[PDB]
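**Q** Input start_0.tsv, format and content: TSV, C-alpha atoms and all ligand atoms.
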chain	number	residue	atom	x	y	z
A	1	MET	CA	-24.76	-16.86	-0.89
A	2	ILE	CA	-21.89	-14.76	0.54
A	3	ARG	CA	-18.53	-15.14	-1.42
A	4	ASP	CA	-14.91	-14.91	-0.18
A	5	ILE	CA	-13.49	-11.51	-1.18
A	6	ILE	CA	-9.97	-12.04	-2.50
A	7	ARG	CA	-7.14	-9.81	-1.23
A	8	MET	CA	-4.53	-7.52	-2.92
A	9	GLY	CA	-1.64	-9.56	-4.14
A	10	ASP	CA	-4.00	-12.13	-5.64
A	11	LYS	CA	-3.04	-12.64	-9.23
A	12	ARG	CA	-6.73	-12.70	-10.11
A	13	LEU	CA	-7.22	-8.99	-9.28
A	14	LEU	CA	-4.65	-8.12	-11.98
A	15	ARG	CA	-6.60	-9.64	-14.96
A	16	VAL	CA	-8.51	-7.81	-17.67
A	17	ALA	CA	-12.04	-9.22	-17.37
A	18	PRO	CA	-14.02	-10.35	-20.47
A	19	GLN	CA	-17.50	-9.06	-21.17
A	20	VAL	CA	-20.70	-10.45	-19.74
A	21	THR	CA	-22.64	-12.35	-22.44
A	22	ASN	CA	-25.48	-13.88	-20.43
A	23	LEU	CA	-27.67	-10.85	-19.75
A	24	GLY	CA	-31.22	-11.76	-18.65
A	25	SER	CA	-30.24	-15.21	-17.48
A	26	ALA	CA	-30.78	-17.05	-14.17
A	27	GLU	CA	-27.01	-17.59	-13.63
A	28	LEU	CA	-26.32	-13.93	-14.00
A	29	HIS	CA	-29.20	-13.03	-11.64
A	30	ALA	CA	-27.80	-15.50	-9.10
A	31	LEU	CA	-24.32	-14.07	-9.35
A	32	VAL	CA	-25.51	-10.47	-8.85
A	33	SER	CA	-27.55	-11.57	-5.89
A	34	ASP	CA	-24.43	-12.97	-4.34
A	35	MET	CA	-22.63	-9.74	-5.15
A	36	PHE	CA	-25.07	-7.47	-3.36
A	37	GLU	CA	-25.09	-9.94	-0.54
A	38	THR	CA	-21.31	-10.18	-0.38
A	39	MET	CA	-21.08	-6.36	-0.62
A	40	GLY	CA	-23.49	-5.88	2.31
A	41	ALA	CA	-21.85	-8.51	4.55
A	42	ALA	CA	-18.53	-6.70	4.20
A	43	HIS	CA	-20.08	-3.24	4.50
A	44	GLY	CA	-18.97	-2.10	1.00
A	45	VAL	CA	-20.32	0.64	-1.24
A	46	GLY	CA	-19.13	-1.13	-4.36
A	47	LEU	CA	-18.07	-4.63	-5.31
A	48	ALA	CA	-16.43	-5.72	-8.57
A	49	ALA	CA	-16.83	-9.34	-9.82
A	50	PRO	CA	-13.02	-9.89	-9.90
A	51	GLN	CA	-12.98	-9.14	-6.12
A	52	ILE	CA	-14.75	-12.45	-5.68
A	53	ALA	CA	-12.59	-14.15	-8.29
A	54	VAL	CA	-15.17	-14.06	-11.03
A	55	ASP	CA	-13.47	-12.95	-14.24
A	56	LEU	CA	-16.30	-10.71	-15.58
A	57	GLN	CA	-17.03	-7.05	-16.48
A	58	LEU	CA	-19.55	-6.79	-13.73
A	59	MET	CA	-19.98	-4.56	-10.68
A	60	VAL	CA	-22.54	-3.82	-7.91
A	61	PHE	CA	-22.76	-0.58	-5.99
A	62	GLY	CA	-24.88	1.87	-3.97
A	63	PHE	CA	-26.35	2.66	-0.50
A	64	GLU	CA	-29.47	4.45	1.07
A	65	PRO	CA	-25.32	11.91	-0.86
A	66	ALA	CA	-27.11	8.62	-1.88
A	67	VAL	CA	-26.03	6.35	-4.76
A	68	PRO	CA	-28.84	4.21	-6.25
A	69	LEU	CA	-28.37	0.43	-5.84
A	70	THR	CA	-27.03	-0.61	-9.23
A	71	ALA	CA	-25.80	-3.72	-10.96
A	72	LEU	CA	-23.85	-2.91	-14.05
A	73	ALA	CA	-22.46	-5.20	-16.79
A	74	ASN	CA	-19.95	-4.25	-19.50
A	75	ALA	CA	-19.34	-0.77	-18.00
A	76	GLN	CA	-17.74	1.86	-20.12
A	77	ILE	CA	-16.69	5.24	-18.73
A	78	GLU	CA	-16.07	8.70	-20.33
A	79	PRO	CA	-14.79	11.67	-18.36
A	80	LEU	CA	-17.10	14.72	-18.81
A	81	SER	CA	-14.47	17.30	-17.97
A	82	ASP	CA	-10.91	17.49	-16.76
A	83	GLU	CA	-11.69	18.50	-13.10
A	84	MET	CA	-10.02	16.01	-10.68
A	85	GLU	CA	-11.07	15.68	-7.05
A	86	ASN	CA	-9.20	14.09	-4.19
A	87	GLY	CA	-11.01	11.73	-1.86
A	88	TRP	CA	-10.46	8.80	0.44
A	89	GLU	CA	-10.68	5.34	-1.10
A	90	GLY	CA	-10.10	1.90	0.56
A	91	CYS	CA	-10.51	-1.67	-0.74
A	92	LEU	CA	-12.24	-4.78	0.60
A	93	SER	CA	-9.48	-6.57	-1.27
A	94	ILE	CA	-7.28	-4.19	0.85
A	95	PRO	CA	-8.87	-4.21	4.41
A	96	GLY	CA	-7.61	-1.87	7.12
A	97	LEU	CA	-6.12	0.54	4.48
A	98	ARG	CA	-6.86	3.78	2.64
A	99	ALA	CA	-5.28	6.65	0.70
A	100	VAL	CA	-6.40	9.82	-1.02
A	101	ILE	CA	-6.88	9.19	-4.76
A	102	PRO	CA	-7.53	11.84	-7.43
A	103	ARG	CA	-10.51	10.89	-9.71
A	104	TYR	CA	-12.55	12.71	-12.35
A	105	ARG	CA	-15.22	14.73	-10.66
A	106	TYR	CA	-17.60	14.17	-13.64
A	107	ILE	CA	-18.37	11.10	-15.71
A	108	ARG	CA	-20.79	9.24	-17.85
A	109	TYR	CA	-20.99	5.51	-17.58
A	110	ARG	CA	-22.85	3.11	-19.89
A	111	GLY	CA	-23.61	-0.64	-19.79
A	112	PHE	CA	-26.40	-3.04	-18.95
A	113	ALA	CA	-28.58	-3.90	-16.02
A	114	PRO	CA	-28.56	-7.71	-15.41
A	115	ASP	CA	-31.86	-8.13	-17.21
A	116	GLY	CA	-30.43	-6.63	-20.38
A	117	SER	CA	-31.84	-3.12	-20.15
A	118	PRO	CA	-29.26	-0.45	-21.11
A	119	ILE	CA	-28.13	1.90	-18.29
A	120	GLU	CA	-26.53	5.27	-19.03
A	121	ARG	CA	-25.82	7.86	-16.40
A	122	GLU	CA	-24.04	11.06	-15.72
A	123	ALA	CA	-22.47	10.89	-12.32
A	124	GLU	CA	-20.40	13.22	-10.19
A	125	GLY	CA	-18.35	13.27	-6.90
A	126	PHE	CA	-18.69	10.19	-4.73
A	127	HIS	CA	-21.03	8.34	-7.15
A	128	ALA	CA	-18.43	8.94	-9.92
A	129	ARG	CA	-15.57	7.86	-7.69
A	130	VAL	CA	-17.22	4.60	-6.75
A	131	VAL	CA	-17.80	3.73	-10.42
A	132	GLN	CA	-14.21	4.66	-11.46
A	133	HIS	CA	-12.86	2.62	-8.58
A	134	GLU	CA	-14.89	-0.53	-9.49
A	135	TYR	CA	-14.07	0.00	-13.12
A	136	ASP	CA	-10.35	-0.10	-12.28
A	137	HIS	CA	-10.96	-3.63	-10.92
A	138	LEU	CA	-12.28	-4.70	-14.36
A	139	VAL	CA	-9.02	-3.69	-16.03
A	140	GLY	CA	-6.77	-5.04	-13.20
A	141	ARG	CA	-5.79	-1.70	-11.69
A	142	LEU	CA	-5.86	-1.12	-7.84
A	143	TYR	CA	-5.89	2.24	-6.03
A	144	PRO	CA	-2.31	2.18	-4.66
A	145	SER	CA	-1.01	2.63	-8.20
A	146	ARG	CA	-3.06	5.83	-8.29
A	147	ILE	CA	-1.74	7.52	-5.08
A	148	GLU	CA	0.01	10.82	-5.78
A	149	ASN	CA	0.60	11.73	-2.10
A	150	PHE	CA	1.97	8.88	0.01
A	151	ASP	CA	1.63	10.80	3.24
A	152	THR	CA	-2.07	9.94	3.01
A	153	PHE	CA	-1.63	6.17	2.63
A	154	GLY	CA	-2.04	4.09	5.78
A	155	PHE	CA	-4.30	2.06	8.05
A	156	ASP	CA	-7.92	3.06	8.73
A	157	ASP	CA	-7.70	3.02	12.55
A	158	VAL	CA	-4.52	5.08	12.60
A	159	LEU	CA	-4.75	7.64	9.78
A	160	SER	CA	-4.64	11.35	10.67
A	161	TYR	CA	-4.68	13.25	7.36
A	162	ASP	CA	-7.28	15.93	6.31
B	1	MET	CA	11.29	-3.40	27.55
B	2	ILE	CA	9.31	-4.16	24.36
B	3	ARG	CA	7.81	-0.98	22.64
B	4	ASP	CA	4.61	-0.59	20.57
B	5	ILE	CA	5.56	-0.42	16.87
B	6	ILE	CA	3.53	2.35	15.26
B	7	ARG	CA	1.73	1.65	11.96
B	8	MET	CA	1.72	3.30	8.47
B	9	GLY	CA	-0.54	6.27	8.46
B	10	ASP	CA	0.91	7.48	11.75
B	11	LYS	CA	1.99	11.06	11.32
B	12	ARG	CA	5.11	10.26	13.32
B	13	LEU	CA	6.56	7.99	10.59
B	14	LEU	CA	6.56	10.99	8.20
B	15	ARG	CA	8.97	13.21	10.27
B	16	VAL	CA	12.61	13.98	9.56
B	17	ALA	CA	14.40	12.77	12.70
B	18	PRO	CA	17.06	14.93	14.45
B	19	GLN	CA	20.50	13.58	15.23
B	20	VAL	CA	21.43	11.56	18.27
B	21	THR	CA	23.53	13.68	20.68
B	22	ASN	CA	23.83	11.39	23.70
B	23	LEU	CA	26.31	8.80	22.45
B	24	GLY	CA	27.88	6.74	25.27
B	25	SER	CA	25.08	7.45	27.70
B	26	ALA	CA	22.88	5.16	29.82
B	27	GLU	CA	19.64	6.49	28.24
B	28	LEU	CA	20.87	5.73	24.79
B	29	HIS	CA	22.02	2.23	25.84
B	30	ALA	CA	18.58	1.63	27.35
B	31	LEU	CA	16.80	2.76	24.22
B	32	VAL	CA	18.90	0.52	21.94
B	33	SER	CA	18.28	-2.38	24.25
B	34	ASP	CA	14.59	-1.84	23.83
B	35	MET	CA	15.08	-1.61	20.09
B	36	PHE	CA	16.81	-4.95	19.71
B	37	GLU	CA	14.24	-6.39	22.03
B	38	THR	CA	11.32	-4.86	20.16
B	39	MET	CA	12.89	-5.97	16.84
B	40	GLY	CA	13.21	-9.58	18.04
B	41	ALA	CA	9.69	-9.78	19.51
B	42	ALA	CA	8.24	-8.77	16.16
B	43	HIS	CA	10.65	-10.95	14.17
B	44	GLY	CA	12.26	-8.01	12.29
B	45	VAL	CA	15.61	-7.73	10.56
B	46	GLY	CA	15.73	-3.98	11.08
B	47	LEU	CA	14.02	-1.45	13.32
B	48	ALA	CA	14.18	2.33	13.02
B	49	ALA	CA	13.64	4.54	16.13
B	50	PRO	CA	10.71	6.41	14.48
B	51	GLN	CA	8.91	3.01	14.18
B	52	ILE	CA	8.56	3.13	17.94
B	53	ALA	CA	7.72	6.83	17.92
B	54	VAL	CA	11.14	7.99	19.02
B	55	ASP	CA	12.14	10.95	16.86
B	56	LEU	CA	15.86	10.05	16.44
B	57	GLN	CA	18.42	9.14	13.74
B	58	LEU	CA	18.83	5.70	15.16
B	59	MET	CA	18.39	2.17	13.82
B	60	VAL	CA	19.02	-1.48	14.87
B	61	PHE	CA	19.48	-4.36	12.48
B	62	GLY	CA	20.92	-7.83	11.80
B	63	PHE	CA	20.39	-11.61	12.28
B	64	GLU	CA	22.53	-14.88	12.65
B	65	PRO	CA	23.73	-14.30	4.01
B	66	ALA	CA	24.21	-12.99	7.62
B	67	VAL	CA	24.06	-9.31	8.65
B	68	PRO	CA	26.01	-8.46	11.84
B	69	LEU	CA	23.86	-7.21	14.75
B	70	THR	CA	24.33	-3.44	14.57
B	71	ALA	CA	23.10	-0.35	16.31
B	72	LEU	CA	23.73	2.73	14.28
B	73	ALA	CA	23.28	6.44	15.16
B	74	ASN	CA	23.36	9.38	12.75
B	75	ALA	CA	23.55	7.11	9.66
B	76	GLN	CA	24.67	8.56	6.41
B	77	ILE	CA	24.56	6.61	3.15
B	78	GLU	CA	26.45	6.91	-0.21
B	79	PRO	CA	25.68	4.71	-3.20
B	80	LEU	CA	28.87	3.00	-4.49
B	81	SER	CA	27.59	2.44	-8.01
B	82	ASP	CA	24.44	2.86	-10.02
B	83	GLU	CA	23.41	-0.88	-10.09
B	84	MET	CA	19.82	-1.26	-8.73
B	85	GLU	CA	18.44	-4.59	-7.54
B	86	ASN	CA	14.86	-5.59	-6.99
B	87	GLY	CA	13.89	-7.40	-3.82
B	88	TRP	CA	10.99	-8.00	-1.49
B	89	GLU	CA	10.55	-5.54	1.36
B	90	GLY	CA	7.77	-5.40	4.04
B	91	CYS	CA	7.29	-3.18	7.11
B	92	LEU	CA	6.49	-3.85	10.77
B	93	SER	CA	4.79	-0.49	10.56
B	94	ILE	CA	3.03	-2.21	7.57
B	95	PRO	CA	2.20	-5.82	8.78
B	96	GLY	CA	0.78	-8.40	6.39
B	97	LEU	CA	2.17	-6.48	3.34
B	98	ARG	CA	5.08	-6.46	0.89
B	99	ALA	CA	6.21	-5.26	-2.54
B	100	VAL	CA	9.29	-5.47	-4.71
B	101	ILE	CA	11.44	-2.34	-4.26
B	102	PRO	CA	14.49	-1.37	-6.35
B	103	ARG	CA	17.50	-0.38	-4.12
B	104	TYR	CA	21.19	0.28	-4.75
B	105	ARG	CA	23.03	-2.98	-4.80
B	106	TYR	CA	26.15	-1.30	-3.29
B	107	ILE	CA	26.57	1.23	-0.51
B	108	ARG	CA	28.71	2.68	2.17
B	109	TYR	CA	27.14	3.75	5.40
B	110	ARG	CA	28.76	5.77	8.21
B	111	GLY	CA	27.67	6.75	11.74
B	112	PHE	CA	28.22	5.78	15.35
B	113	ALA	CA	27.82	2.75	17.53
B	114	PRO	CA	25.86	3.66	20.73
B	115	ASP	CA	29.07	3.92	22.74
B	116	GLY	CA	30.42	6.60	20.42
B	117	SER	CA	32.77	4.52	18.31
B	118	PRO	CA	32.56	5.41	14.58
B	119	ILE	CA	31.18	2.68	12.27
B	120	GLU	CA	31.84	2.72	8.52
B	121	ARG	CA	30.96	-0.13	6.22
B	122	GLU	CA	30.65	-1.12	2.64
B	123	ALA	CA	27.56	-3.22	2.23
B	124	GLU	CA	25.88	-4.98	-0.64
B	125	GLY	CA	22.61	-6.88	-1.52
B	126	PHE	CA	20.36	-7.68	1.42
B	127	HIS	CA	22.61	-5.96	4.03
B	128	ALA	CA	22.51	-2.80	1.85
B	129	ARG	CA	18.77	-3.05	1.36
B	130	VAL	CA	18.07	-3.31	5.06
B	131	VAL	CA	20.15	-0.20	5.77
B	132	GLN	CA	18.52	1.83	2.92
B	133	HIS	CA	15.11	0.76	4.13
B	134	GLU	CA	15.75	1.83	7.78
B	135	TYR	CA	17.38	4.98	6.56
B	136	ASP	CA	14.20	5.88	4.67
B	137	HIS	CA	12.41	5.81	8.06
B	138	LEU	CA	14.81	8.50	9.36
B	139	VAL	CA	13.80	10.88	6.57
B	140	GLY	CA	10.05	9.98	6.71
B	141	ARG	CA	9.91	7.89	3.54
B	142	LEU	CA	8.08	4.45	3.45
B	143	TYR	CA	8.51	1.71	0.84
B	144	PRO	CA	5.14	2.10	-0.96
B	145	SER	CA	6.36	5.41	-2.37
B	146	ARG	CA	9.22	3.44	-3.90
B	147	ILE	CA	7.20	0.71	-5.74
B	148	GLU	CA	7.71	0.80	-9.50
B	149	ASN	CA	5.64	-2.34	-10.25
B	150	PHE	CA	2.30	-2.47	-8.45
B	151	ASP	CA	1.56	-5.99	-9.56
B	152	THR	CA	4.00	-7.04	-6.82
B	153	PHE	CA	2.32	-5.14	-3.97
B	154	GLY	CA	0.00	-7.16	-1.74
B	155	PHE	CA	-0.47	-9.24	1.40
B	156	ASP	CA	2.18	-11.69	2.63
B	157	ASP	CA	-0.10	-14.75	2.89
B	158	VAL	CA	-1.56	-14.22	-0.57
B	159	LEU	CA	1.24	-12.92	-2.82
B	160	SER	CA	2.22	-14.99	-5.88
B	161	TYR	CA	4.87	-12.96	-7.74
B	162	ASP	CA	8.45	-14.18	-8.62
C	201	LIG	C1	-14.55	4.68	-3.42
C	201	LIG	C2	-15.21	3.62	-2.58
C	201	LIG	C3	-15.17	4.07	-1.12
C	201	LIG	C4	-14.57	2.28	-3.03
C	201	LIG	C5	-13.47	1.76	-2.18
C	201	LIG	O1	-12.73	2.60	-1.64
C	201	LIG	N1	-13.22	0.43	-2.09
C	201	LIG	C6	-13.96	-0.56	-2.68
C	201	LIG	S1	-13.55	-2.14	-2.49
C	201	LIG	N2	-15.03	-0.18	-3.41
C	201	LIG	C7	-15.38	1.13	-3.57
C	201	LIG	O2	-16.35	1.40	-4.28
C	202	LIG	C1	14.34	-4.99	3.82
C	202	LIG	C2	13.91	-5.57	5.15
C	202	LIG	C3	13.27	-6.93	4.89
C	202	LIG	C4	13.14	-4.44	5.87
C	202	LIG	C5	11.66	-4.48	5.77
C	202	LIG	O1	11.17	-4.93	4.71
C	202	LIG	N1	10.87	-3.96	6.74
C	202	LIG	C6	11.31	-3.42	7.92
C	202	LIG	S1	10.25	-2.82	9.02
C	202	LIG	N2	12.65	-3.40	8.13
C	202	LIG	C7	13.53	-3.90	7.22
C	202	LIG	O2	14.74	-3.82	7.47
Now, as a test, write the supplied structure out as C-alpha cells.
Ligand SMILES: CC(C)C1C(=O)NC(=S)NC1=O
Ligand SMILES: CC(C)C1C(=O)NC(=S)NC1=O
**A**
Amino acid sequence: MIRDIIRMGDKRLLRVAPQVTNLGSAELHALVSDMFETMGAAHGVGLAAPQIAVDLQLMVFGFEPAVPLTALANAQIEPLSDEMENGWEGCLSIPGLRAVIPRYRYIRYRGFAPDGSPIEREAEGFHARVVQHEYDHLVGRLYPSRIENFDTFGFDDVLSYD
Amino acid sequence: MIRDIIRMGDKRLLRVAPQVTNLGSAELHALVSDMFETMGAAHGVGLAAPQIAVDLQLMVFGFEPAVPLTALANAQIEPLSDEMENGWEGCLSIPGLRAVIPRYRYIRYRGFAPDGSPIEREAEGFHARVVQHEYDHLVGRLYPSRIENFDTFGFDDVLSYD
C-alpha cells in the first residue's frame, strides 16, 4: 500500500523518532513493505519512516555504484574519518529541489533488519550519503540546514551548477 | 507585457546587477510597466528586475499596512537602528515556499523614480522588509541564505509555524 509522503514544513518531519520495538512482527513487515513500495512509486533511493508520518527509527533504501536494498531499524552512525564530500541531495518531502550538501565520505552504520537480525556495514560515497540523509530524518534534521553554498540550492529542472 | 519569472537555481539570480543609466527614457518606462504587470499577474508585493532576467538595479513594489506603489532604480539602503524583526518571506522565484527571515525593522532607502526624480524614504516593518528583500535580488542574495531557524522553512500549503 503506497503512503502519502509528507512535505517540508510539516511539523512531523521535525520530531525525534523513538526506537522500533516490534522487530520480527507482521506489523513491522507490513510497514516496511509499504515503505519500499512508497519509495519506488516516487522514484526514491531512500525513504525514512517520518517522511510518511510514521514516528519511528526506520528507513528503507537502495537500487539495482549499486546500494543493496536495505530496511534498517534503530540506525546508529559513526564517521570513519574526517573526509567530507560534496554531492547533490534532494528530498521527496522537498520535490523539485536540490542543493550540494557536504557529508562524511566514510561511515559505519549499525541497526536491525526487520526480522531482528543485526546489520552492520561500512559504507562510503553515495551509499554513505543516502544513509546519513535518511538518518537526519530520524532526528528531525532536513538538508537545507546543511547547505554551506547557497548558490547550489534551487529547482531540479533549472539548476546549472557543477 | 507579462514576463517569465525565473526560478531559484537560475544562474541569473546570483549576479550583481549594474546600475540603471536610462532614467526618463521610453525603454525604461516600458520595462517598469512590464514589471508592475508581471508583479500583479503573479500576485507579488515586490518584483526585482533580475527575477525576470533583466540584469539591472531596478525593483517594483507596493499594494493598496499599505505600501505605496513604487518603482525604484539604483536603490541604496541604510539601516536606521539595530532592531531586527522576524517575518515570513517567500519568493516568486521560489513558488510554494517560505521561511521566517530576520530583517532590520528600520531603514532608509534612496534611488530614482523611472522619470529621474530622486526618491528617499524612511521605511519600517513590512515596507522595510519588502525593500530589503528586493534589494537582496540586486546583489544576488536569496532568502534561504538568510534563514536562522530551519524549522520555519517549508511549503506554503503545509507550513504550521507561528
Ligand atoms: C542522497 C539521496 C539522493 C537522498 C535524497 O536526496 N533525498 C531523499 S528523500 N532521500 C535520499 O536518500
Ligand atoms: C517580503 C515579501 C513578502 C517578498 C517576498 O517574500 N518575495 C518576493 S519575490 N518579493 C517580496 O517582496
**Q** Using only C-alpha atoms and all ligand atoms, which residue out of A:76, A:81, A:22, A:132 lies closest to ligand LIG 201 (chain C)?
**A**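 Nearest to ligand LIG 201 (chain C): A:132.
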**Q** Residues of chain A near chain B: apply a cut-off of 10 Å, count only C-alpha atoms, and supply the list as a ChimeraX atom specification.
**A** /A:6-11,13-14,93-94,97-99,140-161
**Q** Contacts of stretch 124-131 of chain A at 6 Å or less, counting only C-alpha atoms, minus same-chain residues fewer than 5 places along, as a list in words?
**A**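 Answer for this query is residues 67, 105 and 106 of chain A.
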**Q** Within 6 Å of ligand LIG 202 (chain C), which residues show up when you count only C-alpha atoms and all ligand atoms? List them as a compact mmCIF listing (two decimals) with C-alpha atoms, in the frame of the given file, please.
**A**
# COMPACT_ATOMS: atom_id res chain seq x y z
CA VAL B 45 15.61 -7.73 10.56
CA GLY B 46 15.73 -3.98 11.08
CA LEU B 47 14.02 -1.45 13.32
CA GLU B 89 10.55 -5.54 1.36
CA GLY B 90 7.77 -5.40 4.04
CA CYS B 91 7.29 -3.18 7.11
CA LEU B 92 6.49 -3.85 10.77
CA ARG B 129 18.77 -3.05 1.36
CA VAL B 130 18.07 -3.31 5.06
CA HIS B 133 15.11 0.76 4.13
CA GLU B 134 15.75 1.83 7.78
**Q** With all atoms listed in the file as the counted atoms, please give the residues lying no more than 12 Å from residue B:138, apart from itself and same-chain residues fewer than 6 positions off, as a compact mmCIF listing (two decimals) with C-alpha atoms, keeping the file's coordinate frame.
**A**
# COMPACT_ATOMS: atom_id res chain seq x y z
CA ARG B 12 5.11 10.26 13.32
CA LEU B 13 6.56 7.99 10.59
CA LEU B 14 6.56 10.99 8.20
CA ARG B 15 8.97 13.21 10.27
CA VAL B 16 12.61 13.98 9.56
CA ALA B 17 14.40 12.77 12.70
CA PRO B 18 17.06 14.93 14.45
CA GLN B 19 20.50 13.58 15.23
CA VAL B 20 21.43 11.56 18.27
CA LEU B 47 14.02 -1.45 13.32
CA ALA B 48 14.18 2.33 13.02
CA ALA B 49 13.64 4.54 16.13
CA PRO B 50 10.71 6.41 14.48
CA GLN B 51 8.91 3.01 14.18
CA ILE B 52 8.56 3.13 17.94
CA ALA B 53 7.72 6.83 17.92
CA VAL B 54 11.14 7.99 19.02
CA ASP B 55 12.14 10.95 16.86
CA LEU B 56 15.86 10.05 16.44
CA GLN B 57 18.42 9.14 13.74
CA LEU B 58 18.83 5.70 15.16
CA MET B 59 18.39 2.17 13.82
CA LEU B 72 23.73 2.73 14.28
CA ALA B 73 23.28 6.44 15.16
CA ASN B 74 23.36 9.38 12.75
CA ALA B 75 23.55 7.11 9.66
CA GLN B 76 24.67 8.56 6.41
CA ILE B 77 24.56 6.61 3.15
CA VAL B 131 20.15 -0.20 5.77
CA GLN B 132 18.52 1.83 2.92
**Q** Between atom CA of residue A:62 and atom CA of residue A:38, what is the distance in Å, rounded to a tenth?
**A**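 Taking atom CA of residue A:62 as the start and atom CA of residue A:38 as the end point, the length is 13.1 Å.
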**Q** One decimal, Å: what's the distance from atom CA of residue A:61 over to atom CA of residue A:102, could you say?
**A**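 Atom CA of residue A:102 lies at a distance of 19.7 Å from atom CA of residue A:61.
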**Q** Rank nothing, just name the residue among A:87, A:24, A:68, A:40 nearest to ligand LIG 201 (chain C), using all atoms listed in the file.
**A**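 Between A:87, A:24, A:68, A:40, the residue approaching ligand LIG 201 (chain C) most closely is A:87.
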**Q** Please provide as a list in words all residues within 8 Å of residue A:113, with the sequence filter that same-chain residues fewer than 4 positions apart are discarded (counting only C-alpha atoms).
**A**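 Counting only the stated atoms, we get residues 23, 70, 71, 72, 73, 117, 118 and 119 of chain A.
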**Q** Would you compute, for all listed atoms of stretch 12-28 of chain B, the axis-aligned bounding box grown by 6 Å on each side, and then report its centre and edge lengths in Å rounded to one decimal, as AutoDock Vina command-line options?
**A**
--center_x 16.5 --center_y 10.0 --center_z 19.0 --size_x 34.8 --size_y 21.8 --size_z 33.6
